[PDB]
Amino acid sequence: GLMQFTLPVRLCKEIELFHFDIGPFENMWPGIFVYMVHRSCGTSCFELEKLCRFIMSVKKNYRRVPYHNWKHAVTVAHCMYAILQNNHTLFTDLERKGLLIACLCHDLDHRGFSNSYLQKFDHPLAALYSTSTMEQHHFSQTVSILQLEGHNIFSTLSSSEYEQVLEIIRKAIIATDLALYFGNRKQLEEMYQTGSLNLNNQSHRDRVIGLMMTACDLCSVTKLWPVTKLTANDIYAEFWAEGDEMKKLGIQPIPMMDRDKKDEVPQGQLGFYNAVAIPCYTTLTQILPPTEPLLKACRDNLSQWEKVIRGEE
Ligand SMILES: COc1ccc(CN(Cc2nc3ccccc3c(=O)[nH]2)C(=O)Nc2ccccc2)cc1
Ligand SMILES: [Mg+2]
Ligand SMILES: [Zn+2]
């Protein structure tokens, strides 16, 4: 109970900032996550023995893929930590518990392929889950890990609190399906602009948590330029392998996934920033003003991609 996690001074300071990079030392990531739970939730939120065993089983069920890996899980949990810490009083005790765990688990057992590739391959998961294929699988994997003996970090919640938190995690993980993001953000945009947005309305909270999950999930575009640029190489490493696999099914992949169209990456990044990233962090900043640093960093990275096109790098 009196056992705190502590970080070295530079990490202790920088971990509070939206643009923190968790570093290349894999063995420090579990402790970083526990540090974040203890500060965001409390030292009492979870039995440390059960949390440590949950974390290590989650780690084991992430695969050795270039992007959708254990580092992505902890990175997305850190962005959620920064949001929750800059919006102290807006979230219930159950939501702070649920969302950090949701972020750590949101890409469990990812194979480095999109929902589209699974459907075109006719993968068994595509028959089990017709929409949000991987995301329903990620939630399924999360529930399976929670039910391993000694892994139930929610054991001290009442029956209804346990049902509520699993509901927060399910919706949070499903919201990471980017196909759902576009409609969710437009609805939140209308609601904010007409003034109907009401954080005591559960369906409204659900929408706001959804956008928060998208924002944490995309947080690669909100880091310092050298982290953004080097993370993009990992994302394209997965996309181009998927494109290769599309070519093996006799389907020309979209340019985004075709390694022969590397040259078009800078202009493709502009599209992404303008169509997905900037809108996401703009609506988030309207609803949760203290998340403005994410929007600012995102605009800084758009400007860096514009400089890449203009041959200035
Ligand atoms: C943060 O890192 C990343 C890394 C990769 C991506 C993939 N990506 C950008 C992209 N790269 C290309 C490369 C070559 C050729 C064509 C393209 C292209 O049209 N798009 C994307 O989603 N496009 C998009 C465009 C408009 C709307 C939605 C999506 C996104 C983010
Ligand atoms: Mg995902
Ligand atoms: Zn993700």
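Structure: above.
Reading guide: rules and limits
Residues numbered from 1 in each chain as written, not as in the entry; some residues may be left out. Chains lettered and ligands numbered in written order. Heavy atoms only, no water. Axes fitted to C-alpha atoms, helices over the stretch in contact; angles between N-to-C directions. Helix = DSSP H or I, 4+ residues; strand = E, 2+ residues; numbered from the N terminus. Parallel < 35°, antiparallel > 145°, perpendicular 65-115°, else oblique. Left-handed = near helix turned anticlockwise from the far one by under 90°. Contact = heavy atoms within 4.5 Å. Nonpolar A, V, L, I, M, F, W, Y, C, P; charged D, E, K, R; others polar. Disulfide = S-S within 2.5 Å. Buried < 20%, exposed > 50% of the residue type's maximum accessible area, 1.4 Å probe, protein only. Core = buried A, V, L, I, M, F, W, Y, C linked by side-chain atoms within 4.5 Å. Salt bridge = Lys/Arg side-chain N within 4 Å of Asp/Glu carboxyl O. Donors = N, O, S within 2.8 Å, 3.2 Å for Na, K, Ca; no water. Tetrahedral: all angles 85-135°; square planar, octahedral: opposite > 155°, others 65-115°. Near = heavy atom within 4 Å. Polar contact = N/O pair within 3.5 Å; in protein donor to acceptor, adjacent residues only side chain to side chain. Areas by Shrake-Rupley, 256 points an atom, 1.4 Å probe, with all protein chains shown as cover. Expected span 1.5 Å × (residues − 1).

Asker: Would you explain the packing of helix α10 (residues 178-194) against helix α11 (residues 202-217) in this entry?
Answerer: The description of two helices packed together rests on the angle between their axes and the distance between the axes. Two elements in contact, α10 and α11, have axes separated by 10 Å at closest approach and are oriented at 125 degrees. One finds that α10 runs oblique with respect to α11. Crossing handedness for the pair α10 and α11: left-handed. Judged by residue contacts, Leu178, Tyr181, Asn184, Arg185, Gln187, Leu188 and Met191 of α10 engage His204, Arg207, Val208, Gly210, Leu211 and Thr214 from α11. Looking at side-chain class alone, the contact of α10 with α11 contains 6 nonpolar, 5 polar and 2 charged residues.

Asker: How should the state of the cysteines be read in this particular structure?
Answerer: Where two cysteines share a covalent bond between their sulfur atoms, that bond is called a disulfide. All told, the structure shown has 1 disulfide when counted by the stated rule. The thiol of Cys280 is not disulfide-bonded; the next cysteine sulfur, from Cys298, is found 8.2 Å away. Residue class for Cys280 comes out buried when judged on its relative accessible area of 0%.

Asker: Help me understand the nonpolar core, please; the structure alone is not making it clear to me.
Answerer: The tendency in soluble globular proteins is for nonpolar side chains to be buried side by side. If you look at the biggest cluster of nonpolar residues, it comprises 88 residues, and the most contacted ones within it are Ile101, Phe154, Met212 and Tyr281. With 11 residues, helix α4 (residues 70-85) is the largest single contributor of residues to this core. Contacts of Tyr281, omitting those with residues within four sequence positions, involve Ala215, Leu218, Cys219, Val221, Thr222, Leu294, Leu295 and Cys298.

Asker: Which parts of the structure should I look at to understand the pattern of salt bridges?
Answerer: As a working rule, side chains carrying opposite charge can pair if their charged atoms are close by. Taken as a whole, this structure holds 16 salt bridges when the rule is applied. In this structure, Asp206 and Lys171 form a salt bridge, with 2.9 Å as the shortest nitrogen-oxygen distance. Of this pair, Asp206 sits in helix α11 while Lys171 sits in helix α9 (residues 159-175); the two residues are 35 residues apart in sequence, bridging distant segments of the chain. The partly exposed category is assigned to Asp206, whose relative accessible area is 25%. One network of salt bridges, with partners in common, ties together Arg63, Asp109 and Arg111.

Asker: What's the story with the coordination of the zinc ion (ligand 3) in this structure? I'm lost.
Answerer: Angles between donor atoms at a metal ideally measure 109.5 degrees for a four-coordinate tetrahedral arrangement and either 90 or 180 degrees for a six-coordinate octahedral one. Looking at the zinc ion (ligand 3), the protein donor atoms are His72 (NE2), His106 (NE2), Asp107 (OD) and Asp217 (OD), and they sit 2.0 to 2.2 Å from it. Note that the zinc ion (ligand 3) binds 4 donor atoms; their angles at the metal cover 85 to 174 degrees, and the shape is irregular. Donor residues for the zinc ion (ligand 3), ordered by position in the chain, follow H-x33-H-D-x109-D. The distance between the zinc ion (ligand 3) and the magnesium ion (ligand 2) comes to 3.8 Å, and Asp107 binds to both of them. A residue pair is termed long-range when its members are at least 10 positions apart, and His106 in the loop between α5 (93-105) and α6 (115-121) and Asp217 in helix α11 qualify at 111 residues. Of the two residues examined, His106 and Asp217, each falls in the buried class.

Asker: Could you clarify how one ought to interpret the site of ligand 1 in this entry?
Answerer: As a matter of local geometry, ligand 1 sits amid 16 residues, with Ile235, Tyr236, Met256, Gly268 and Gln269 nearest to it. Between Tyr236 and ligand 1, the recorded distance is 2.5 Å, taken from a side-chain N or O atom to a nitrogen atom. Computed on the free molecule, ligand 1 has an accessible area of 640 Å², of which 81% lies beneath the protein chains in the complex. Contributing elements (two or more residues each) for the shell around ligand 1: α12 (225-248) and α13 (265-287). With 7 residues, α13 is the largest single contributor of residues to the shell around ligand 1. Across the shell around ligand 1, the residue classes tally to 10 nonpolar, 4 polar and 2 charged.

Asker: Help me understand helix α14 (residues 292-309) in this model?
Answerer: Helical periodicity: at 3.6 residues per turn, an α-helix aligns residues three or four positions apart in one direction. Taking 1.5 Å of rise per residue, 18 residues should cover 26 Å, and α14 covers 26 Å from first to last C-alpha, within 8% of that figure. Among the residues making up α14, those that are buried are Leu294, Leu295, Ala297, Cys298, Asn301, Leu302, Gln304, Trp305 and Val308. Buried residues along α14 sit in contact with α4, α12 and α13.

Asker: What should I look at first to understand the packing of α9 against α11 in this one?
Answerer: One way to put it is that α9 packs onto α11 with a least axis distance of 8 Å and a crossing angle of 50 degrees. The angle between α9 and α11 falls in the class oblique. Note that α9 runs across α11; the crossing there is right-handed. Residues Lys171, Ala172 and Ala175 of α9 form the contact with α11, whose own contacting residues are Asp206, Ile209, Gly210, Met213 and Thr214. Per-class residue counts for the contact of α9 with α11 are 4 nonpolar, 2 polar and 2 charged.

In short, the description is geometric, and any link to function would need to be established separately.
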